[PDB]
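Colleague: Order-wise, the sequence lines are chains A, B and C. For the first sequence, our numbering assigns the number 58 to the initial residue and increments by one for each residue that follows. For the second sequence, our numbering assigns the number 15 to the initial residue and increments by one for each residue that follows. For the third sequence, our numbering assigns the number 10 to the initial residue and increments by one for each residue that follows. Even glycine gets a Cβ: it sits at the ideal position worked out from N, Cα and C.
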Amino acid sequence: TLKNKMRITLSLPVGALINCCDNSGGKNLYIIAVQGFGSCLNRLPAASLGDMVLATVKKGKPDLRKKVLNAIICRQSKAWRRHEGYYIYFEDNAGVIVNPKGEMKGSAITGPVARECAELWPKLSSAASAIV
Amino acid sequence: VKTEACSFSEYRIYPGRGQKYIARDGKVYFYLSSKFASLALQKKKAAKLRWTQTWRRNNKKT
Amino acid sequence: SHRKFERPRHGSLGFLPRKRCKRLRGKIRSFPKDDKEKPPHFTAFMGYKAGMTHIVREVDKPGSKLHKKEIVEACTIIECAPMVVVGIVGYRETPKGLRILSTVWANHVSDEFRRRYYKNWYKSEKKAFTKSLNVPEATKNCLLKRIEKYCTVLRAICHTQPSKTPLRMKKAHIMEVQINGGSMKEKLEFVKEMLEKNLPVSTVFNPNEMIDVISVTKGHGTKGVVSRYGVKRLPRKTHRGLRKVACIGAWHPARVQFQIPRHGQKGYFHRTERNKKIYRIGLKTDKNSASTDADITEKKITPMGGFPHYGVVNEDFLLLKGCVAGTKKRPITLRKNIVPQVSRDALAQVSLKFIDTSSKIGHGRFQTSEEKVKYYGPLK
RNA sequence: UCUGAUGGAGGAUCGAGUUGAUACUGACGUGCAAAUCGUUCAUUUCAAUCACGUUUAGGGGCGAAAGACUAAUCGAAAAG
RNA sequence: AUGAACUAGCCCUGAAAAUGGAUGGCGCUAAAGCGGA
RNA sequence: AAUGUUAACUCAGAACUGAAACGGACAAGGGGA
RNA sequence: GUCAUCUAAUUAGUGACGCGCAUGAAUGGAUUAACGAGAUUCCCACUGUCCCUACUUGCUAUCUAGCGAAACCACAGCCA
RNA sequence: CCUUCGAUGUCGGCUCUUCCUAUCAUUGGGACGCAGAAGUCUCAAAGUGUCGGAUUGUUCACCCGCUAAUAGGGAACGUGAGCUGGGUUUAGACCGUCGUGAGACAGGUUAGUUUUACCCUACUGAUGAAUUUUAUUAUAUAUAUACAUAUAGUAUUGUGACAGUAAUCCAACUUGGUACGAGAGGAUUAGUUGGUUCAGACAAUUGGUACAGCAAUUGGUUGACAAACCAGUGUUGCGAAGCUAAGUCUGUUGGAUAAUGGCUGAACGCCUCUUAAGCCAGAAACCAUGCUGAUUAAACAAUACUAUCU
RNA sequence: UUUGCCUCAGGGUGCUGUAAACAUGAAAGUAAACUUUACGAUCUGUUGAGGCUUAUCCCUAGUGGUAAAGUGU
Ligand SMILES: [Mg+2]
Ligand SMILES: [Mg+2]
Ligand SMILES: [Mg+2]
Ligand SMILES: [Mg+2]
Ligand SMILES: [Mg+2]
Ligand SMILES: [Mg+2]
Ligand SMILES: [Mg+2]
Ligand SMILES: [Mg+2]
Ligand SMILES: [Mg+2]
Ligand SMILES: [Mg+2]
Ligand SMILES: [Mg+2]
Ligand SMILES: [Mg+2]
Ligand SMILES: [Mg+2]
Ligand SMILES: [Mg+2]
Ligand SMILES: [Mg+2]
Ligand SMILES: [Mg+2]
Ligand SMILES: [Mg+2]
Ligand SMILES: [Mg+2]
Ligand SMILES: [Mg+2]
Ligand SMILES: [Mg+2]
Ligand SMILES: [Mg+2]
Ligand SMILES: [Mg+2]
Ligand SMILES: [Mg+2]
Ligand SMILES: [Mg+2]
Ligand SMILES: [Mg+2]
Ligand SMILES: [Mg+2]
Numbered sequence: 058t059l060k061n062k063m064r065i066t067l068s069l070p071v072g073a074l075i076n077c078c079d080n081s082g083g084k085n086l087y088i089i090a091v092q093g094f095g096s097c098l099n100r101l102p103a104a105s106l107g108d109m110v111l112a113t114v115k116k117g118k119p120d121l122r123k124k125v126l127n128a129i130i131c132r133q134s135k136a137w138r139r140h141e142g143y144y145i146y147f148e149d150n151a152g153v154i155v156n157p158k159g160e161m162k163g164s165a166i167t168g169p170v171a172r173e174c175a176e177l178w179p180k181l182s183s184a185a186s187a188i189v
Numbered sequence: 015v016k017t018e019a020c021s022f023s024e025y026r027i028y029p030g031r032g033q034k035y036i037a038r039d040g041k042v043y044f045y046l047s048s049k050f051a052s053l054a055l056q057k058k059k060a061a062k063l064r065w066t067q068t069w070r071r072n073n074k075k076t
Numbered sequence: 010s011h012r013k014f015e016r017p018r019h020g021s022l023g024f025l026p027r028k029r030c031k032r033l034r035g036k037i038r039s040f041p042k043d044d045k046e047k048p049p050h051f052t053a054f055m056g057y058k059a060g061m062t063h064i065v066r067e068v069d070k071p072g073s074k075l076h077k078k079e080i081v082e083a084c085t086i087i088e089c090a091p092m093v094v095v096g097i098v099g100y101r102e103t104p105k106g107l108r109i110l111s112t113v114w115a116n117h118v119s120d121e122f123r124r125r126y127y128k129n130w131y132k133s134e135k136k137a138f139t140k141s142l143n144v145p146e147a148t149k150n151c152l153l154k155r156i157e158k159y160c161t162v163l164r165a166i167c168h169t170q171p172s173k174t175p176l177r178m179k180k181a182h183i184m185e186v187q188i189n190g191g192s193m194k195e196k197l198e199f200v201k202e203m204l205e206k207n208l209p210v211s212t213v214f215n216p217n218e219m220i221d222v223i224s225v226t227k228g229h230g231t232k233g234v235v236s237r238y239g240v241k242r243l244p245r246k247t248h249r250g251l252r253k254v255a256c257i258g259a260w261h262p263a264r265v266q267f268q269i270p271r272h273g274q275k276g277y278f279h280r281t282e283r284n285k286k287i288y289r290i291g292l293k294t295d296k297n298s299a300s301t302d303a304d305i306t307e308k309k310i311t312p313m314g315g316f317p318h319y320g321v322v323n324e325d326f327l328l329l330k331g332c333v334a335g336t337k338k339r340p341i342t343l344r345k346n347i348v349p350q351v352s353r354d355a356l357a358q359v360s361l362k363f364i365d366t367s368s369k370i371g372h373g374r375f376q377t378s379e380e381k382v383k384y385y386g387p388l389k
């Protein structure tokens, strides 16, 4: 289970509200923290495609609200450099709720998912339709 | 050399050049340039732009 | 009181006096240690920065998520017209540092070289070197003998041939190049063999060699603290101004300290970047210079419309991985590394798949003008 | 008792100007200025605004009251 | 001629604070230190 | 009742039209609990 | 202050509770639509406020020609 | 209550640097109630780091969360001609208690001008002459010579004393479900690939930027068309080049040590790491190497040419 | 500082997006003649046109230019 992840453009900072992408019943995700983020005086922690966040669900099933909950980003709109030289971007910022281990709380994943994420989280590849 | 094609225009995109926009569905659009990407964003229709290949074809200008 | 939240200092104190470099021609501060087992070879080479292109390279790193895949990488191009050797200088080691014994000159020294010894060539009677050139060979021989006897280090006085480049300046760039090899005698012999003749880069570097690139950085004149050190902007509310340092220092050392970031020169600094890989060494006598196994199309390295702000590379050149200090047109000194590197990075053999030659003056669509012409067709 | 017109009430509404002076605690602060400048702002048919004339004078005046103002002078003017 | 116990000289530990650093400084150890004459 | 000479400016509706844009500058409430 | 609620977290806000250091009835008490350049909190929109700065425009600064002050000033002007 | 009342701007935050170690983490160790893992105590260590938020004017505090760790401090309780001005500490006003009252409150609440650098220094960059009681690590054909060399001016190339200094930490995976363990669990170490922070550049590429430029277009104006203009840059679209980060590249290895463990080995017929002499290995420390400056050395060398030189 | 350089021009490279002009071309329609003649956003053809492209792009022995004549040792 490799967490080898080539660096990807950072932009989804704390406070960002992203589409929930999932079948969990959550509509939104408000990102409160990035895992593996360190220390930098005034820098907002900011997550990218592979990254594990900690979020709340602002809108969705009440059993999801009022709690801090792990998620993975699946799509972003900040364009990022694929190493074949082209910059990819999605139209939306969107992630999927999971457990600390990385197991989905939901069952399917609605839209597309970046390959950068597929390579990182096998259980996520499973439930992905278009993986691009 | 594997030259992808510009989606909005029909230009050859040589490696390490353009950008790739993956829409709501899963459909990828590869744009050769900034201008083309901007046009795409603006929801502009290539078949209505005099300079592009799509327009040209429609008016049989080969 | 202690600063509430700790943070690393902003500049590097290792690059202080952030003042202008004395000369465009980056000086080599130090040359590789001498390994007297190996044959005598030059350690350095001057070239002019022409621009950057990008490249496509297949990767080898077993274990990377980037393993078998083609990758795109930026690379500088450094035009490398053959340097010409003109002198030998002999140093001897003293408790006060290196002291020169002598310099021995070629019999014929180029006009270009001579131009360096004048600031008004056009006016001058160009008398420089006209008596030295004359001198009898016996004296030279004697000097050489002396060098052999006493001098521990040899440097060659080389100069560039800027006439063979799009640059404006007819003046040569003259540079001492340490020779590293076995016996002083051997070194001397080597230099004699060389002397009046030309070094091309292939005689100095090889494909996949890791090299240090020493050059004066791009200038920006007097720059603010924010730009020069990456100091934080103060907030909008600030009266006297936002783009400054709020507190120079404490009260008590009652003296601004040299460690505090201040407005002043930025750029045109001397800088050695280390571990830059040579991806390719071009040859003047190669029309398929920017071509590759995967390309198989006649390409010269010059992009369409030519290297912006430089011109047309018509001579042997270095493709260095990544970036190099200074501007298009800047002299660059490439130096062998001071340690013989065995890291997988230095050993890896590169195989370019593709080298971009699309116009750098815009978002170029095509490689050659021919292709463009084909695309367009016959027109007005 | 509803519906549509009419009608044109109101210390009604918004708002140029005018009268002010909320914020930027912006500019300025050896100023253009012993209070200005900018943008923003509040005021506009009434307890409205302005002019001129006129009344009220110092322990006095005048005050929708801030000890405000009473010629850059005010918890007692200025002049001698 | 070893084993104890004490004893007091010098020395060591105990002995950690913020500008750089002060037997006044350099330095000094067959003292240029400490105690004498 | 039909036939004349003749006037503002306002409303309402429909085609086509454009790189989907149109109080195109100017001017002009942020709103809610 | 305790309990809710707002938040991932709230010395804030709101709703409750009340033997209230020292609330309370024209010292007016309790409540109130409308109104407010009023005080306070939250939410949507929005944004360079911020991440995280960059680029850019005038007018200054800058150099020149001309003109040309002042405050300040025991003497002056490196540190441990 | 020594200083300051002919004024040292009186909290906190923001910014920014430096220092301390009474070490939180990282390096190297020693101990254990150390099987492993985790942790506790402790030695050399201040090289590197020590964050994002919610509430509070706060310091302090308290939670949320990341983190290797979220150690503690100082520098006129660092830092107002740096800001801010929320608080405290003017004048307005309100409440509560106290006072007959004016008023008081180290009780609460709201509204409330933050001046000047053009001086010296310091620091940052920027030119720049001068330098014979001064210099010199040698020159000259095995001998000589400091009882000696050295004119000066341009320029090139060097020397490099001295000063500065830079990289940092983590993860994942393989080593290994191994060592260890009744089992649960479960490493060190290297190795690989990545990332964080920082630094230094750079602009091929993506993005940003527009008063190069092209096109559109509103209102007006030139009879119309065209060509234009005006609206302090009229407003949009694209926008090269140049700048630029959120984009790309790069960031060493010796010496000698500290802690410590040892070696030989007395004192003390044995033992003893030395608490003698003599040695060894050994740290993110130190000093070099490397890197920046070097009118920091009033420094100097060589070379090139010259105007008179001996 | 005359095998340079500036200067225009051409060519390259791009940027923009198809110039003016004419077309018994097309056009939602309208009116007014005895099938033609007016008006008509806009579109199409000639038209990847026209314009711009170094002021800090590139090339070209393509054009015309290259003065001052002073100071210091
Ligand atoms: Mg902060
Ligand atoms: Mg762009
Ligand atoms: Mg370019
Ligand atoms: Mg006021
Ligand atoms: Mg102000
Ligand atoms: Mg001022
Ligand atoms: Mg008055
Ligand atoms: Mg003495
Ligand atoms: Mg709040
Ligand atoms: Mg309440
Ligand atoms: Mg009472
Ligand atoms: Mg003071
Ligand atoms: Mg300690
Ligand atoms: Mg500890
Ligand atoms: Mg104190
Ligand atoms: Mg101060
Ligand atoms: Mg102040
Ligand atoms: Mg303060
Ligand atoms: Mg206040
Ligand atoms: Mg008050
Ligand atoms: Mg650009
Ligand atoms: Mg006009
Ligand atoms: Mg743009
Ligand atoms: Mg002993
Ligand atoms: Mg036309
Ligand atoms: Mg030019």
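Please report whether the beta-carbon of A:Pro-169 lies at a distance below 8 Å from any beta-carbon of chain B.
Modeller: Answer yes: the Cβ-Cβ gap between A:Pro-169 and chain B drops below 8 Å somewhere.
Colleague: Show which residues of chain A have a CB atom less than 7 Å away from the CB atom of C:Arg-16.
Modeller: Near C:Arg-16 (Cβ distances below 7 Å), the residues of chain A are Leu-98.
Colleague: Give me the residue from C:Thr-52, C:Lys-28 and C:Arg-32 with the minimum Cα distance to C:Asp-221.
Modeller: For C:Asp-221, the nearest C-alpha among the options comes from C:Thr-52.
Colleague: With distances taken Cα to Cα, identify the nearest neighbour of residue 391 of chain C among C:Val-98, C:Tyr-319, C:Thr-342 and C:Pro-317.
Modeller: For chain C, the structure presents residues 10 to 389; residue 391 of chain C sits outside this window and is missing.
Colleague: Hey, how far is the Cα of A:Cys-97 from the Cα of C:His-372?
Modeller: Whole-angstrom Cα-Cα distance: 37 Å.
Colleague: Does the stretch 63-76 of chain A come into contact with the stretch 121-141 of chain A, if we say contact requires no fewer than three beta-carbon pairs (one atom in each stretch) closer than 8 Å?
Modeller: Touching, per the Cβ criterion.
Colleague: Taking Cβ positions, are A:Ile-166 and A:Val-153 nearer each other than 8 Å?
Modeller: Yes, these two residues count as a Cβ contact at 8 Å.
Colleague: With a CB to CB cut of under 8 Å and the five nearest residues on each side skipped, what residues in its chain are close to C:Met-313?
Modeller: So the list reads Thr-366, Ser-367, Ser-368, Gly-373, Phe-375, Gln-376, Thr-377, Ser-378 and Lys-381, once near-sequence residues are dropped.
Colleague: If you follow the alpha helix (DSSP H) that C:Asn-150 is in, where does it begin and where does it stop?
Modeller: Note, C:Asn-150: alpha helix (DSSP H), 146-159.
Colleague: Alpha helix (DSSP H) containing B:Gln-67: first to last residue?
Modeller: B:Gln-67 -> alpha helix (DSSP H) spans 67-72.
Colleague: Can you pull the DSSP bridge partners for A:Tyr-87?
Modeller: According to DSSP, A:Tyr-87 bridges with A:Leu-74 and A:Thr-113.
Colleague: Determine the direct distance from the alpha carbon of C:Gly-276 to that of C:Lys-232, and round the result to whole angstroms.
Modeller: Roughly 9 Å between the two C-alpha positions.
Colleague: For chain A, find out if any of its Cβ atoms is closer than 8 Å to the Cβ of C:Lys-78; answer yes or no.
Modeller: Yes, contact with chain A.
Colleague: To the nearest angstrom, how far is the alpha carbon of C:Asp-44 from that of C:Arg-164?
Modeller: Cα to Cα, the separation comes out at about 15 Å.
Colleague: For C:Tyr-238, report the span of its beta strand (DSSP E) as first-last.
Modeller: Unbroken run through C:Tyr-238 is the alpha helix (DSSP H), 234-238; no beta strand (DSSP E).
Colleague: Determine the closest residue to C:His-50 out of C:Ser-211, C:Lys-286 and C:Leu-153, with distance taken between C-alpha atoms.
Modeller: Of C:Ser-211, C:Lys-286 and C:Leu-153, the residue nearest in Cα terms is C:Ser-211.
Colleague: Please say whether C:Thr-85 and C:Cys-332 have beta carbons closer to each other than 8 Å?
Modeller: Yes. Within cutoff.
Colleague: So, for A:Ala-104: in the same chain, excluding its five sequence neighbours on each side, which residues have a beta-carbon less than 7 Å away from its beta-carbon?
Modeller: Same-chain partners within the cutoff: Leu-69, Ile-88, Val-91, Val-110 and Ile-130.
Colleague: Quick check on B:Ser-48: does DSSP put it in helix, strand or coil?
Modeller: DSSP places B:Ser-48 in helix when its eight states are reduced to three.
Colleague: Strictly by DSSP, which residues pair up with C:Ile-64?
Modeller: Per DSSP, C:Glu-82 and C:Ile-364.
Colleague: If you draw a straight line from the alpha carbon of B:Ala-37 to that of C:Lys-253, how long is it in whole angstroms?
Modeller: Each residue's Cα considered, the two are about 44 Å apart.
Colleague: Measure the beta-carbon distance from C:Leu-361 to C:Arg-249 and round it to whole angstroms, keeping in mind my assumption that it falls under 8 Å.
Modeller: That belief does not hold up - the Cβ atoms of C:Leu-361 and C:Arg-249 are roughly 54 Å apart, past 8 Å.
Colleague: So A:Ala-151 is in the beta strand (DSSP E); what residue range does that whole segment cover?
Modeller: Taken as a continuous stretch (DSSP letters only), the beta strand (DSSP E) holding A:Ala-151 covers 151-155.
Colleague: Chain B beta carbons: is any one of them nearer than 8 Å to that of C:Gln-274?
Modeller: Judged by the 8 Å Cβ criterion, C:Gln-274 is not in contact with chain B.
Colleague: Between the stretch 135-153 of chain C and the stretch 86-96 of chain C, are three or more C-beta pairs nearer than 8 Å?
Modeller: Result no; under three Cβ-Cβ pairs closer than 8 Å.
Colleague: Do B:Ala-61 and B:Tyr-35 come within 8 Å of each other at the CB atom, strictly closer than that value?
Modeller: Going by C-beta atoms, B:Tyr-35 is not nearer than 8 Å to B:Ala-61.
Colleague: Under 7 Å: does the beta carbon of C:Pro-317 sit that close to some heavy atom of ligand 3?
Modeller: Yes, Cβ of C:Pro-317 sits closer than 7 Å to a heavy atom of ligand 3.
Colleague: Between C:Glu-88 and C:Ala-181, which are expected to be in contact by the criterion C-beta below 8 Å, what is the C-beta distance as a whole number of angstroms?
Modeller: About 15 Å; that fails the 8 Å criterion.
Colleague: C:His-229: buried (16+ other C-beta within 10 angstroms of its C-beta) or exposed?
Modeller: Counting Cβ neighbours within 10 Å, C:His-229 comes out exposed, since fewer than 16 surround it.
Colleague: Can you tell me whether DSSP reads A:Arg-100 as helix, strand or coil?
Modeller: Coil, per DSSP.
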